[PDB]
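Structure record follows, encoded as structure tokens.
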Amino acid sequence: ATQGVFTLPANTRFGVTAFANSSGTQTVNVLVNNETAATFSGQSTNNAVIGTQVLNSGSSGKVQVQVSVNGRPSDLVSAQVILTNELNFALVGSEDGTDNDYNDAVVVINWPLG
Amino acid sequence: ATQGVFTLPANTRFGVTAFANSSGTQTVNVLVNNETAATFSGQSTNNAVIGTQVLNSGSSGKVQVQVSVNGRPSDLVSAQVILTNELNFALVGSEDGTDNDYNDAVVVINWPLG
Amino acid sequence: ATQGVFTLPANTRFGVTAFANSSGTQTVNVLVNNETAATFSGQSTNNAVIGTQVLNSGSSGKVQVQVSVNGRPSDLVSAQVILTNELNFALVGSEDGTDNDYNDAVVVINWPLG
Amino acid sequence: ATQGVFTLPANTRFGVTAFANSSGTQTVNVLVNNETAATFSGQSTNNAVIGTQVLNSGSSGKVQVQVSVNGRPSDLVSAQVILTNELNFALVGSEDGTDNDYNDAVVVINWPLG
Amino acid sequence: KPXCXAXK
Ligand SMILES: *C(=O)C[C@@H]1O[C@@H](C)[C@@H](O)[C@@H](O)[C@@H]1O
Ligand SMILES: *C(=O)C[C@@H]1O[C@@H](C)[C@@H](O)[C@@H](O)[C@@H]1O
Ligand SMILES: *C(=O)C[C@@H]1O[C@@H](C)[C@@H](O)[C@@H](O)[C@@H]1O
Ligand SMILES: *C(=O)C[C@@H]1O[C@@H](C)[C@@H](O)[C@@H](O)[C@@H]1O
Ligand SMILES: [Ca+2]
Ligand SMILES: [Ca+2]
Ligand SMILES: [Ca+2]
Ligand SMILES: [Ca+2]
Ligand SMILES: [Ca+2]
Ligand SMILES: [Ca+2]
Ligand SMILES: [Ca+2]
Ligand SMILES: [Ca+2]
């Protein structure tokens with residue numbers, strides 16, 4: 001199944017933050033309606049924050065996370081969780097290698113903000 | 001029900017990261033086996049990453065998140081989610097007022113690292 | 001925080017299924033737009049299904065689960081999870097006593113159907 | 001990533017319940033420790049409970065859900081969620097065709113029981 | 001097909 005794709009409420013601000021846990025340099029692209037809205041890059045094996053930004057889901061609401069390591073797309077796992085019918089998390093893990101820890105880039109999207 | 005308490009596997013490194021979305025100054029305390037392991041604070045209505053840290057769950061694996069505003073504990077909501085039977089997120093929202101957006105401090109714990 | 005309340009898409013069918021795990025007779029009420037749409041009562045310590053039904057979210061989309069035992073409201077915990085940006089689960093646990101297993105009545109809401 | 005495999009605590013009873021939403025007949029097999037422990041089959045477009053059973057996770061705790069339609073494996077999506085650090089749900093969706101509703105068989109595993 | 005259930 002498709003992973004890393006989330007339908008947010010249209011025209012809504014959201015936060016996106018990425019962490020790295022890999023020997024490979026992670027490139028995280030956050031797309032809004034298939035256009036790159038933020039790009040984070042960095043390397044860490046200690047969960048360093050490699051980027052954080054506030055974006056808007058825009059007129060379509062469509063948000064996608066893509067992760068690559070030196071031009072090779074990583075495999076993604078994802079889900080959305082809603083707490084108290086209000087607080088939303090869209091969560092992504094990714095795998096660039098063979099150990100299947102799925103933490104090589106970890107991406108957290110949260111809304112609403114403010 | 002109790003919220004903001006999570007049992008991690010013993011002696012496991014994990015990330016903890018806090019975001020602020022409120023006019024009130026947030027204070028986030030992270031306790032590992034009932035000892036204060038991290039304290040973050042800040043004030044943002046735009047999802048500032050007021051703290052991020054790598055901790056170790058220690059001998060018991062007990063992790064507790066507390067949130068307060070100028071000494072007033074916020075009401076917490078939380079859950080843990082596991083993707084592909086391996087990638088873990090422990091999630092906390094909190095409410096310091098009356099609008100019930102539950103985003104006033106948001107805390108994400110993630111493991112494994114590395 | 002409020003628990004057991006979920007906003008579904010309007011005019012959408014959903015499944016609701018209740019399981020019992022307690023010495024006490026569980027009564028599960030499902031409200032749609034603040035009006036009772038289904039009620040299930042039964043007793044089991046072996047996860048028996050005490051009711052399962054297809055309901056409509058109606059023009060409002062507001063769904064609330066309440067649980068009581070011998071007339072006393074149980075404490076609820078709940079969350080919603082979305083898989084592959086499509087498949088929705090609204091989950092409720094409840095506690096009628098002191099052991100805090102939160103399984104005394106368990107309610108699973110799923111959509112879409114068909 | 002692998003889907004439909006979950007590590008439960010050892011020697012723990014759990015419930016497993018399957019729903020159908022498809023024109024195709026669903027076959028759900030539930031494996032514990034790599035042995036088939038329950039099997040359900042049926043056709044519904046209205047969320048029928050095609051089976052529910054109580055199983056023991058045994059010494060391994062390894063539980064796998066497989067879904068097929070006339071012998072053809074469906075594509076699975078899955079996650080595990082924990083409420084109040086105690087109440088566990090392992091969730092599976094499956095897709096037997098091309099519309100990607102992922103509800104064609106839905107499987108919910110819950111523990112603890114009793 | 002149709003009327004006897006034949007299909008998928
Ligand atoms: C490359 O060595 C593999 C890569 O980096 C490792 C240190 C580890 O984080 C692994 O999960 C990742 O795929
Ligand atoms: C006022 O202090 C309330 C407070 O700050 C608002 C800007 C908003 O974030 C609200 O959710 C928060 O409780
Ligand atoms: C005891 O009566 C309390 C009650 O029933 C038990 C068998 C157990 O299921 C417990 O969780 C429930 O609260
Ligand atoms: C076969 O026609 C497709 C199949 O059954 C449909 C009624 C619908 O439930 C679809 O999601 C499923 O894949
Ligand atoms: Ca890896
Ligand atoms: Ca890694
Ligand atoms: Ca608030
Ligand atoms: Ca707020
Ligand atoms: Ca109980
Ligand atoms: Ca019980
Ligand atoms: Ca389908
Ligand atoms: Ca279907």
Side-chain angles (χ1 to χ4, degrees), chain A residues 81-87, chain B residues 1-3 75-79 93 95 100 102, chain C residues 1-10 12-45 47-81 88-111 113, chain D residues 15 17 47 49 81-84 86-89 108 110 112-114:
Chain A
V81 177
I82 309 180
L83 305 183
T84 194
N85 198 41
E86 169 71 6
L87 177 63
Chain B
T2 299
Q3 301 282 265
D75 189 49
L76 304 184
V77 289
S78 55
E95 179 55 49
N100 296 333
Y102 279 84
Chain C
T2 299
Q3 300 279 266
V5 174
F6 311 101
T7 303
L8 273 62
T12 298
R13 290 188 310 151
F14 63 97
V16 60
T17 304
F19 307 88
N21 291 280
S22 176
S23 65
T25 298
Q26 304 295 308
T27 295
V28 176
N29 285 299
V30 184
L31 295 78
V32 174
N33 187 52
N34 304 307
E35 308 302 329
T36 308
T39 306
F40 310 132
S41 296
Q43 185 278 321
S44 180
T45 52
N47 207 53
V49 170
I50 65 169
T52 186
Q53 192 155 339
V54 172
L55 293 176
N56 165 36
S57 72
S59 50
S60 84
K62 183 188 182 183
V63 178
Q64 179 165 16
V65 173
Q66 301 170 328
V67 180
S68 61
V69 178
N70 298 345
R72 307 173 170 174
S74 295
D75 190 47
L76 304 184
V77 289
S78 57
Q80 180 183 342
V81 182
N88 288 256
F89 301 85
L91 305 170
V92 181
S94 63
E95 179 54 50
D96 68 30
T98 59
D99 68 345
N100 298 330
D101 64 355
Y102 279 85
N103 74 355
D104 297 327
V106 172
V107 183
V108 173
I109 285 168
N110 67 291
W111 76 96
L113 304 190
Chain D
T17 302
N47 210 51
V49 174
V81 187
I82 313 182
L83 305 185
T84 192
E86 165 68 7
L87 180 70
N88 285 256
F89 301 86
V108 176
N110 69 292
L113 305 188

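Proteins get letters first, then strands, A, B, ... in listed order; numbering begins at 1 in each. All values below were derived from every heavy atom in this structure, side-chain atoms included, with hydrogens, water molecules and symmetry-related copies excluded.
- Side chains of D/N110 and C/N47: a donor-acceptor N/O pair is present below 3.5 angstrom, by distance only.
- The two residues C/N103 and D/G114 have their closest heavy-atom pair at ND2-O, 3.1 Å.
- C/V77 places a side-chain heavy atom less than 4.5 Å from the side chain of D/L87.
- Formation of a donor-acceptor pair under 3.5 Å by the C/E95 side chain with backbone atoms of C/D104 is not found in this model.
- In this structure, the side-chain contact (heavy atoms from CB on, under 4.5 Å) partners of C/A20, at least two apart in sequence or on a different chain, are C/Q26, C/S44, C/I50.
- Closest approach of C/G58 to C/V32, counting heavy atoms only: N-CG1, 4.3 Å.
- A donor-acceptor pair under 3.5 Å is absent between the side-chain atoms of C/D96 and the main chain of C/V69, judged by distance alone.
- The closest side-chain heavy-atom distance from C/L113 to C/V54 is below 4.5 Å.
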Practice item. Please report the C-alpha distance between C/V63 and C/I109 in whole Å, then the side-chain angles of each, then the deciding distance to 0.1 Å, and finally whether the side chain to side chain contact (heavy atoms under 4.5 Å, CB included) criterion is met. Key: CA-CA 10 Å; C/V63 178; C/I109 285 168; 3.9 Å; yes
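- Among residue pairs with one or both ends in residues 70-80 of chain C, those qualifying as side chain to side chain donor-acceptor pair (under 3.5 Å) are C/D75-C/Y102, C/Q80-C/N88; sequence neighbours excluded.
- Among residues two or more places apart in sequence or in another chain, the side-chain contact (heavy atoms from CB on, under 4.5 Å) test is passed with C/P9 by C/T12, C/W111.
- Expressed to the nearest 0.5 Å, how far CZ of C/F6 lies from NZ of C/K62 amounts to 12.5 Å.
- Here C/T7 pairs with A/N85 under the side-chain hydrogen bond (donor to acceptor under 3.5 Å, both in side chains) rule; sequence neighbours left out.
- Evaluation of the side-chain hydrogen bond (donor to acceptor under 3.5 Å, both in side chains) rule for C/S41 yields C/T27 as partners, not counting sequence neighbours.
- Side chains of C/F19 and D/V108 form no contact here, defined as non-hydrogen atoms less than 4.5 Å apart.
- The minimum heavy-atom distance between C/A105 and C/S94, with the atom names listed, is O-OG, 2.8 Å.
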Check your understanding: Given D/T17 and D/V49, is the side chain to side chain contact (heavy atoms under 4.5 Å, CB included) satisfied, shown in steps?
Key -> CA-CA 7 Å; D/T17 302; D/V49 174; 3.8 Å; yes
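- When the side-chain hydrogen bond (donor to acceptor under 3.5 Å, both in side chains) test is applied to C/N100, no partner is found at least two apart in sequence or on another chain.
- With sequence neighbours excluded, the residues forming a side-chain hydrogen bond (donor to acceptor under 3.5 Å, both in side chains) with C/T39 are C/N29, listed by chain and number.
- Residues satisfying the side-chain contact (heavy atoms from CB on, under 4.5 Å) criterion with C/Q53, sequence neighbours excluded, are C/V16, C/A38, C/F40, C/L55.
- Scanning for side-chain contact (heavy atoms from CB on, under 4.5 Å) contacts around C/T2 gives A/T84, C/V5, with sequence neighbours left out.
- Across all their heavy atoms, C/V28 and C/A18 have their closest contact at CG2-CB, 4.1 Å.
- Here the closest non-hydrogen pair linking B/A79 and A/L83 is CB-CD2, 3.9 Å.
- Using a 4.5 Å heavy-atom cutoff, the side chains of C/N33 and C/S59 are not in contact.
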